$ cat work11.csv   # CSV, C-alpha atoms
chain,number,residue,atom,x,y,z
A,8,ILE,CA,-28.3,-45.2,63.1
A,9,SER,CA,-30.6,-42.5,64.5
A,10,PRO,CA,-32.4,-39.4,63.2
A,11,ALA,CA,-29.6,-37.3,64.7
A,12,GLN,CA,-27.3,-38.6,62.0
A,13,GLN,CA,-29.8,-38.0,59.2
A,14,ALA,CA,-29.8,-34.4,60.3
A,15,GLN,CA,-26.0,-34.7,60.0
A,16,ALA,CA,-25.7,-36.4,56.6
A,17,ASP,CA,-27.9,-33.6,55.1
A,18,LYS,CA,-25.4,-31.0,56.4
A,19,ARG,CA,-22.6,-32.9,54.8
A,20,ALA,CA,-24.4,-33.0,51.5
A,21,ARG,CA,-25.8,-29.4,51.7
A,22,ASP,CA,-22.5,-27.7,52.5
A,23,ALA,CA,-20.6,-29.7,49.9
A,24,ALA,CA,-23.2,-29.0,47.2
A,25,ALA,CA,-23.0,-25.3,48.0
A,26,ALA,CA,-19.3,-25.3,46.9
A,27,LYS,CA,-20.1,-26.1,43.3
A,28,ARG,CA,-22.8,-23.4,43.2
A,29,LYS,CA,-20.1,-20.9,44.2
A,30,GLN,CA,-17.2,-22.0,42.0
A,31,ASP,CA,-19.4,-23.3,39.1
A,32,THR,CA,-21.5,-20.1,39.0
A,33,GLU,CA,-18.5,-17.8,38.8
A,34,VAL,CA,-17.0,-19.4,35.7
A,35,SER,CA,-20.4,-19.4,34.0
A,36,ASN,CA,-20.8,-15.6,34.2
A,37,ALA,CA,-17.1,-15.1,33.5
A,38,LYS,CA,-17.8,-16.7,30.1
A,39,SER,CA,-21.1,-14.9,29.5
A,40,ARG,CA,-19.3,-11.5,29.0
A,41,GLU,CA,-16.6,-11.1,26.4
A,42,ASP,CA,-15.9,-7.4,27.0
A,43,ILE,CA,-13.3,-8.0,29.7
A,44,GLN,CA,-9.7,-8.5,28.4
A,45,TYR,CA,-7.0,-9.8,30.6
A,46,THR,CA,-3.3,-9.0,30.1
A,47,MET,CA,0.0,-10.1,31.7
A,48,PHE,CA,3.2,-8.0,32.1
A,49,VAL,CA,6.2,-10.3,32.2
A,50,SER,CA,9.3,-8.1,32.4
A,51,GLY,CA,9.1,-5.3,29.7
A,52,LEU,CA,7.7,-2.7,32.0
A,53,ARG,CA,10.5,-0.3,32.7
A,54,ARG,CA,11.9,-0.3,29.1
A,55,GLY,CA,9.2,1.9,27.8
A,56,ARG,CA,6.4,-0.6,28.1
A,57,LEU,CA,4.9,1.8,30.6
B,4,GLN,CA,2.3,-1.4,-11.8
B,5,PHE,CA,-0.9,-1.2,-9.7
B,6,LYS,CA,-3.2,1.1,-11.6
B,7,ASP,CA,-5.4,3.6,-9.8
B,8,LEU,CA,-6.7,7.2,-10.1
B,9,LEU,CA,-3.8,9.7,-9.8
B,10,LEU,CA,-3.6,11.8,-6.7
B,11,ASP,CA,-1.8,15.2,-7.0
B,12,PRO,CA,1.3,15.1,-4.8
B,13,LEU,CA,1.0,18.9,-4.2
B,14,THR,CA,-2.6,19.3,-3.1
B,15,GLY,CA,-4.1,15.9,-2.4
B,16,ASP,CA,-7.0,16.2,-4.8
B,17,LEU,CA,-7.3,14.2,-8.0
B,18,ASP,CA,-4.7,15.2,-10.7
B,19,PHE,CA,-7.0,16.6,-13.3
B,20,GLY,CA,-4.0,18.1,-15.0
B,21,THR,CA,-2.8,21.4,-16.4
B,22,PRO,CA,-5.3,23.9,-17.8
B,23,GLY,CA,-4.2,23.0,-21.3
B,24,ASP,CA,-4.9,19.3,-21.0
B,25,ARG,CA,-7.5,19.0,-18.2
B,26,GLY,CA,-9.0,15.6,-17.8
B,27,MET,CA,-8.5,12.4,-15.7
B,28,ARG,CA,-5.3,10.3,-15.4
B,29,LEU,CA,-4.4,6.9,-14.1
B,30,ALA,CA,-1.3,6.1,-12.0
B,31,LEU,CA,0.9,4.1,-14.4
B,32,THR,CA,4.5,4.4,-13.2
B,33,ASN,CA,5.2,2.2,-10.2
B,34,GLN,CA,6.7,5.2,-8.4
B,35,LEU,CA,3.5,7.3,-8.5
B,36,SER,CA,1.3,4.3,-7.5
B,37,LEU,CA,3.5,3.4,-4.6
B,38,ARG,CA,3.6,7.1,-3.4
B,39,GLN,CA,-0.2,7.3,-3.0
B,40,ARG,CA,-0.4,3.7,-1.7
B,41,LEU,CA,1.9,4.8,1.2
B,42,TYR,CA,0.2,8.2,1.5
B,43,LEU,CA,-3.3,6.7,2.0
B,44,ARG,CA,-1.9,3.9,4.2
B,45,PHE,CA,-0.4,6.5,6.6
B,46,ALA,CA,-3.1,9.1,6.4
B,47,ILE,CA,-6.1,6.9,7.4
B,48,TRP,CA,-6.2,6.5,11.2
B,49,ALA,CA,-6.7,2.9,12.3
B,50,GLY,CA,-10.3,1.8,12.5
B,51,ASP,CA,-11.8,5.1,11.2
B,52,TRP,CA,-12.7,3.7,7.7
B,53,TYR,CA,-16.0,1.8,7.7
B,54,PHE,CA,-16.2,-1.4,5.6
B,55,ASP,CA,-12.6,-2.2,6.8
B,56,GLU,CA,-11.9,-1.9,10.5
B,57,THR,CA,-8.4,-3.3,10.3
B,58,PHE,CA,-7.0,-0.6,7.9
B,59,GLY,CA,-5.1,2.4,9.0
B,60,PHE,CA,-2.4,3.4,11.5
B,61,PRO,CA,-2.9,3.5,15.3
B,62,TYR,CA,-1.9,7.1,16.1
B,63,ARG,CA,-4.0,7.2,19.2
B,64,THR,CA,-1.6,4.8,20.9
B,65,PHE,CA,1.3,7.2,20.8
B,66,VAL,CA,-0.2,10.7,20.4
B,67,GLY,CA,-1.1,12.2,23.8
B,68,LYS,CA,0.9,9.7,25.8
B,69,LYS,CA,4.4,9.6,27.1
B,70,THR,CA,6.1,7.3,24.6
B,71,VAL,CA,9.6,6.0,23.8
B,72,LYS,CA,11.0,7.2,20.5
B,73,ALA,CA,12.5,3.8,19.6
B,74,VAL,CA,9.1,2.0,19.8
B,75,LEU,CA,7.5,4.5,17.4
B,76,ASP,CA,10.2,4.2,14.8
B,77,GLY,CA,9.7,0.4,14.7
B,78,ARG,CA,6.1,0.7,13.9
B,79,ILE,CA,6.6,3.5,11.4
B,80,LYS,CA,9.3,1.4,9.7
B,81,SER,CA,7.2,-1.7,9.8
B,82,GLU,CA,4.0,-0.3,8.1
B,83,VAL,CA,6.1,0.6,5.0
B,84,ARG,CA,7.2,-3.0,4.4
B,85,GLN,CA,3.6,-4.3,4.1
B,86,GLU,CA,3.7,-3.4,0.4
B,87,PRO,CA,5.0,-6.4,-1.6
B,88,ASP,CA,7.1,-4.2,-4.0
B,89,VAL,CA,9.4,-2.4,-1.6
B,90,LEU,CA,13.1,-3.2,-2.0
B,91,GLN,CA,14.6,-1.5,1.0
B,92,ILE,CA,14.7,1.6,3.2
B,93,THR,CA,17.9,3.7,2.9
B,94,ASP,CA,18.1,6.1,5.8
B,95,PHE,CA,16.0,7.1,8.9
B,96,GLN,CA,16.6,10.4,10.8
B,97,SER,CA,14.1,10.2,13.7
B,98,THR,CA,14.3,13.3,16.0
B,99,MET,CA,12.1,14.5,18.8
B,100,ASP,CA,11.8,18.0,20.4
B,101,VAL,CA,10.8,18.1,24.1
B,102,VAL,CA,10.0,21.8,24.2
B,103,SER,CA,7.3,21.8,21.5
B,104,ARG,CA,6.6,18.0,22.0
B,105,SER,CA,6.8,17.5,18.3
B,106,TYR,CA,8.2,14.4,16.5
B,107,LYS,CA,9.4,14.4,12.9
B,108,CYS,CA,11.2,11.7,11.0
B,109,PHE,CA,12.8,11.5,7.5
B,110,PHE,CA,13.4,8.5,5.3
B,111,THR,CA,13.3,7.3,1.7
B,112,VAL,CA,12.2,4.0,0.0
B,113,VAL,CA,13.5,2.4,-3.1
B,114,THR,CA,11.3,0.6,-5.6
B,115,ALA,CA,12.0,-0.8,-9.1
B,116,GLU,CA,10.0,-0.4,-12.3
B,117,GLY,CA,8.3,-3.2,-14.2
B,118,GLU,CA,6.8,-3.9,-17.7
B,119,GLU,CA,3.3,-3.5,-19.0
B,120,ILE,CA,2.5,-7.1,-19.9
B,121,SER,CA,-0.3,-6.0,-22.3
B,122,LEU,CA,-1.4,-2.8,-24.0
B,123,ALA,CA,-4.9,-4.1,-24.9
B,124,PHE,CA,-6.5,-2.0,-22.2
B,125,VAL,CA,-4.5,1.2,-22.7
B,126,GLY,CA,-4.8,3.4,-25.7
B,127,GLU,CA,-2.6,2.2,-28.6
B,128,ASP,CA,-1.5,-0.8,-30.6
B,129,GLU,CA,2.0,-1.8,-31.6
B,130,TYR,CA,1.4,-3.4,-35.1
B,131,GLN,CA,1.9,-2.0,-38.5
B,132,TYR,CA,-0.8,-3.5,-40.8
B,133,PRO,CA,-0.1,-2.8,-44.5
B,134,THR,CA,-1.6,0.0,-46.7
B,135,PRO,CA,-3.7,-0.9,-49.7
B,136,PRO,CA,-2.2,0.2,-53.1
B,137,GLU,CA,-3.5,3.1,-55.1
B,138,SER,CA,-5.0,3.1,-58.6
B,139,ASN,CA,-3.6,0.8,-61.3
B,140,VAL,CA,-0.2,0.6,-59.6
B,141,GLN,CA,-0.6,-3.0,-58.6
B,142,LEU,CA,-1.5,-4.4,-62.1
B,143,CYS,CA,1.0,-2.3,-64.1
B,144,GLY,CA,3.9,-1.4,-61.9
B,145,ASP,CA,5.0,1.8,-60.0
B,146,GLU,CA,6.9,4.9,-61.1
B,147,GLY,CA,9.0,5.0,-58.0
B,148,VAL,CA,11.1,2.2,-59.4
B,149,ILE,CA,12.1,4.7,-62.1
B,150,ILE,CA,12.7,7.6,-59.8
B,151,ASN,CA,14.9,5.7,-57.4
B,152,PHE,CA,17.0,4.4,-60.4
B,153,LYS,CA,17.3,7.9,-61.8
B,154,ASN,CA,18.5,9.2,-58.4
B,155,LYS,CA,21.0,6.3,-58.1
B,156,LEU,CA,22.4,7.1,-61.5
B,157,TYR,CA,22.6,10.8,-60.8
B,158,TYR,CA,24.4,10.3,-57.4
B,159,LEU,CA,26.8,7.8,-59.0
B,160,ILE,CA,27.6,10.4,-61.7
B,161,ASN,CA,28.2,12.8,-58.9
B,162,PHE,CA,30.5,10.4,-57.0
B,163,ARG,CA,33.1,9.7,-59.6
B,164,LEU,CA,34.0,13.3,-60.5
B,165,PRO,CA,36.2,14.5,-57.6
B,166,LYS,CA,34.8,17.2,-55.3

$ encode --input "work11.csv" --output "structure tokens"
Amino acid sequence: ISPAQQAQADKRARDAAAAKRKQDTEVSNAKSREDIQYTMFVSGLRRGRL
Amino acid sequence: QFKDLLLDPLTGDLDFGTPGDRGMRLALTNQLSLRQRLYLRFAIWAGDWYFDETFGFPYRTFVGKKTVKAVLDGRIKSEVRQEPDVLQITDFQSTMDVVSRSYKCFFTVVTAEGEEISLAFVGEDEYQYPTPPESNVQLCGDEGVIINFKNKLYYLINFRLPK
């Protein structure tokens, strides 16, 4: 081994850890606000569901 | 048979009655009770009554929006059947005018009539307790026993002679 790899393993750990902070954070705030209400329109639309 | 204060069908205020018998009245006949139970249920807009957010009708969904007549009729016809004593709905003439943008429907509802279970809480009693005798009648007899016999004799004397 050499210090050049220690400066490389850190990059592998840092970037990978950054992924959770993105995905894991978004779900946290999405659950911290109950005002938003999602809806889905499966068929229905043109028969007066407009 | 749901009892409640009577609401005047003509004005909407409490039915205090005619000027000769002014007072307060309770809805007794099932017809009158159901009438006002439907009237209040349809007159209160959904969510506008405090202490109960789920009561009322959601007029805001339809009024002011381009809506399909068929969808509205279903909701109108569904709210009626929430009462447990509704037998059926006979006819339904839903019509819509596009010029004035008004909508007006007609229909009738059929409901039976029940019994009163108990009169203890309402007014009168159904029994016929006896009346105490008067004077020395009890210990010595009654004169009516003579009067009825005399009348029977007189009517029998009347019968035999042809008339």

$ interface_residues --input "work11.csv" --of "chain A" --to "chain B" --cutoff "10 Å" --atoms "only C-alpha atoms" --output "PyMOL selection string"
chain A and resi 54-57

$ residues_around --input "work11.csv" --residues "residue 31 (chain B)" --least-positions-apart "6" --cutoff "12 Å" --atoms "only C-alpha atoms" --output "mmCIF file with C-alpha atoms, in the coordinates of the input"
data_model
loop_
_atom_site.group_PDB
_atom_site.id
_atom_site.type_symbol
_atom_site.label_atom_id
_atom_site.label_comp_id
_atom_site.auth_asym_id
_atom_site.auth_seq_id
_atom_site.Cartn_x
_atom_site.Cartn_y
_atom_site.Cartn_z
ATOM 1 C CA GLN B 4 2.300 -1.400 -11.800
ATOM 2 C CA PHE B 5 -0.900 -1.200 -9.700
ATOM 3 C CA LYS B 6 -3.200 1.100 -11.600
ATOM 4 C CA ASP B 7 -5.400 3.600 -9.800
ATOM 5 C CA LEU B 8 -6.700 7.200 -10.100
ATOM 6 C CA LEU B 9 -3.800 9.700 -9.800
ATOM 7 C CA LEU B 10 -3.600 11.800 -6.700
ATOM 8 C CA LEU B 37 3.500 3.400 -4.600
ATOM 9 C CA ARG B 38 3.600 7.100 -3.400
ATOM 10 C CA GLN B 39 -0.200 7.300 -3.000
ATOM 11 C CA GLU B 116 10.000 -0.400 -12.300
ATOM 12 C CA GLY B 117 8.300 -3.200 -14.200
ATOM 13 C CA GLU B 118 6.800 -3.900 -17.700
ATOM 14 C CA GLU B 119 3.300 -3.500 -19.000
ATOM 15 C CA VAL B 125 -4.500 1.200 -22.700
#

$ atom_distance --input "work11.csv" --atom1 "CA of residue 40 (chain B)" --atom2 "CA of residue 86 (chain B)"
8.5 Å

$ residues_around --input "work11.csv" --residues "region 53-65 of chain B" --least-positions-apart "2" --cutoff "10 Å" --atoms "all atoms listed in the file" --output "PyMOL selection string"
chain B and resi 43-51+67-72+74-75+78-79+82

$ atom_distance --input "work11.csv" --atom1 "CA of residue 84 (chain B)" --atom2 "CA of residue 114 (chain B)"
11.4 Å

$ atom_distance --input "work11.csv" --atom1 "CA of residue 14 (chain B)" --atom2 "CA of residue 42 (chain B)"
12.3 Å

$ closest_residue --input "work11.csv" --among "B:29, B:81, B:94, B:152" --to "residue 108 (chain B)" --atoms "all atoms listed in the file"
B:94
